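Novice: This is the structure, below, for whatever I ask next.
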Amino acid sequence: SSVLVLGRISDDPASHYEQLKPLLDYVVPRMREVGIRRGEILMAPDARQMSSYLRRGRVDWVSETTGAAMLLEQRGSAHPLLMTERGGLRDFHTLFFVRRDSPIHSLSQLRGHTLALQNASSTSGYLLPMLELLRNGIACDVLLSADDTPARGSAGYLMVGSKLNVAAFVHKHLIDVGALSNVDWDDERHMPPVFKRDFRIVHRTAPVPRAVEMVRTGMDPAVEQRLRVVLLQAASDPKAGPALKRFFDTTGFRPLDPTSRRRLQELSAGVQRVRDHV
Ligand SMILES: [Cl-]
Ligand SMILES: [Cl-]
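In the working numbering, the protein residues as written are 267 to 544.
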């Protein structure tokens, strides 16, 4: 509370630390007038833990994709501060892809087949695709290992963790279908050209806002207000340039508005439905 703690859900804190510290170092001095003297970074392995941190006041501010964000809001532990633009894109969506030699051409043909997902905190790699399956009445049971098989009439999913693993398992004929964001598709660390050329997109979800800054329930309203002001000013401060590049290539922030609120509310309903029916 004299300290501002910035976090995110991370499966790779060694690497994500570097993404957060530069902007935290930019923010902290600019919050002195609301009692902030110092900054810390605290990441969490998953949404549940991060929700616990948030609820207990151990993390103040996270920058997350909107689905994860809604997991946090649903648990009562955080609320939106700013909508976040990353790599010049305000929105993203999930794509389902297969090997081009697969006999799958549509989402409906996932029945009988396996899907690679990421982890439960992933928007584009779990929440969105699972939501999509729910809307289309496509059952998708958790599979225990790559030797496990779906019931006939149903799909099944395997959690492979990383985005590269989704691409790799599908490429290597271990899993029939993969889910990634449309942005991930064009990001060569996640979707290597050597794999991508063997893939076909079979389905696209509707776009949602891509990312959002969340602050914890009970943050002091003056800290909240000033944080918002500081981030809003960052996008056009040259002294914030390198820090924002490191911060998931943040290219913009903007105030919440009735549209983004409505879109987060619809996404939140969808996430809740996924949560309720898994
Ligand atoms: Cl995501
Ligand atoms: Cl929006």
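Beta carbons are placed, not taken as given, at the ideal position from N, Cα and C, and that holds for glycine.
When you compare the region 290-301 with the region 348-355, are there three or more beta-carbon pairs, one atom per stretch, that lie closer than 8 Å?
Specialist: no
Novice: Out of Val-294, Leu-289, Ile-307, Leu-290, which has the shortest C-alpha to C-alpha gap to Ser-276?
Specialist: Reading the sequence shown from its first residue, position 10 is the one you call residue 276. Ranking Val-294, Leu-289, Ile-307, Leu-290 by Cα distance to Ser-276 puts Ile-307 first.
Novice: Ligand 1: which residues have Cβ under 6 Å from any of its heavy atoms, chain order?
Specialist: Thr-331, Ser-388, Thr-389, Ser-390, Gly-391, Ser-447
Novice: To which residues does DSSP link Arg-494 through a beta bridge?
Specialist: Your numbering for residue 494 matches position 228 in the sequence shown. None, per the DSSP bridge assignment.
Novice: Report yes or no: do three or more beta-carbon pairs, one from the region 394-406 and one from the region 488-495, lie closer than 8 Å?
Specialist: Because the criterion of three Cβ pairs below 8 Å is not met, the region 394-406 and the region 488-495 do not touch.
Novice: Would you mind reading off the limits of the alpha helix (DSSP H) that contains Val-443?
Specialist: One-based indexing of the sequence shown puts residue 443 at position 177. Where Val-443 is concerned, there is no enclosing alpha helix (DSSP H), although the beta strand (DSSP E) it sits in stretches over 443-447.
Novice: Say yes only if the C-beta of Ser-534 is nearer than 7 Å to one or more non-hydrogen atoms of ligand 2, and no if none qualify.
Specialist: Here residue 534 refers to the residue found at position 268 of the sequence shown. Checking the Cβ of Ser-534 against ligand 2 gives no.
Novice: Assuming contact is defined by CB atoms lying nearer than 8 Å, are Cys-406 and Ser-388 in contact in what I supplied?
Specialist: Position 140 of the sequence shown, counted from the first residue, corresponds to residue 406. Position 122 of the sequence shown, counted from the first residue, corresponds to residue 388. Not in contact: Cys-406 and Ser-388 (Cβ atoms no closer than 8 Å).
Novice: What residue range does the alpha helix (DSSP H) around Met-316 cover?
Specialist: Translated into the one-based positions of the sequence shown, residue 316 becomes position 50. Where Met-316 is concerned, the enclosing alpha helix (DSSP H) stretches over 313-321.
Novice: According to DSSP, what are the bridge partners of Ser-329?
Specialist: Walking along the sequence shown from the start, residue 329 turns up at place 63. Bridge partners of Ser-329: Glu-479.
Novice: Hey, how far is the Cα of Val-271 from the Cα of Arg-304?
Specialist: One-based indexing of the sequence shown puts residue 271 at position 5. One-based indexing of the sequence shown puts residue 304 at position 38. Their Cα atoms are separated by approximately 9 Å.
Novice: For a quick check, are the C-beta atoms of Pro-288 and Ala-509 less than 8 Å apart?
Specialist: Locating residue 288 in the sequence shown gives position 22, where the first residue counts as 1. Locating residue 509 in the sequence shown gives position 243, where the first residue counts as 1. In this structure, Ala-509 lies closer than 8 Å to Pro-288 by Cβ.
Novice: Taking the alpha-carbon positions, what's the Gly-342 to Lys-438 distance?
Specialist: Sequence index remark: in the sequence shown, residue 342 carries index 76 (1-based). Sequence index remark: in the sequence shown, residue 438 carries index 172 (1-based). Rounded to the nearest angstrom, the two C-alpha atoms are 41 Å apart.
Novice: Where does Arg-322 land, buried or exposed, given buried means 16+ other C-beta within 10 angstroms?
Specialist: In the sequence shown, counting from the first residue as 1, residue 322 sits at position 56. Exposed, by the Cβ-count rule.
Novice: Tell me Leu-376's beta-bridge partners as DSSP assigns them.
Specialist: Looking up residue 376 in the sequence shown gives position 110. Paired residue(s): none; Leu-376 is not in a bridge.
Novice: Can you list, in chain order, the residues of its chain with a C-beta nearer than 7 Å to that of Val-496? Leave out the 5 residues immediately preceding and following it.
Specialist: The count along the sequence shown starts at 1 and reaches residue 496 at position 230. So the list reads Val-293, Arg-296, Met-297, once near-sequence residues are dropped.
Novice: Ordered along the chain, which non-local residues of its own chain (more than five positions away) have a Cβ less than 6 Å from that of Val-269?
Specialist: Taking the first residue of the sequence shown as position 1, residue 269 is located at position 3. Within the same chain, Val-269 has close Cβ partners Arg-304, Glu-306.
Novice: Does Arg-274 pass the burial test, meaning 16 or more other C-beta atoms within 10 Å, or should it be called exposed?
Specialist: Along the sequence shown, read from residue 1 onward, the residue named residue 274 stands at position 8. It is buried - the Cβ of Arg-274 has at least 16 other Cβ atoms within 10 Å.
Novice: According to the Cβ coordinates, are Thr-380 and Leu-347 closer than 8 Å?
Specialist: Residue mapping note: residue 380 aligns to position 114 of the sequence shown, counting from 1. Residue mapping note: residue 347 aligns to position 81 of the sequence shown, counting from 1. Their beta carbons are not under 8 Å apart, which means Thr-380 does not touch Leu-347 by this criterion.
Novice: When the distance is taken between beta carbons, is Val-478 closer than 8 Å to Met-349?
Specialist: Your numbering for residue 349 matches position 83 in the sequence shown. Your numbering for residue 478 matches position 212 in the sequence shown. Yes, they are a contact pair.
Novice: Alpha carbon to alpha carbon, how far is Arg-466 from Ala-472?
Specialist: Within the sequence shown, residue 466 is the residue found at index 200, counting from 1. Within the sequence shown, residue 472 is the residue found at index 206, counting from 1. Answer to the nearest angstrom: the Cα atoms are 18 Å apart.
Novice: What residue from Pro-487, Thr-525, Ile-441, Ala-434 has the CA that sits closest to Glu-454's CA?
Specialist: Counting from one through the sequence shown, the residue named residue 454 turns up at place 188. The residue with the shortest Cα to Cα distance from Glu-454 is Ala-434.
Novice: So does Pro-473 have its beta carbon nearer than 7 Å to some heavy atom of ligand 2?
Specialist: In the sequence shown, the residue the question calls residue 473 occupies position 207. The answer is no for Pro-473.
Novice: Please classify residue 242 as buried or exposed, where buried requires at least 16 other C-beta atoms within 10 Å of its C-beta.
Specialist: The first residue shown for the chain is 267 and the last is 544, placing residue 242 beyond what the model contains.
Novice: Please state whether DSSP places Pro-458 in a helix, a strand or coil.
Specialist: Stepping through the sequence shown from its first residue, residue 458 is reached at position 192. Coil, per DSSP.
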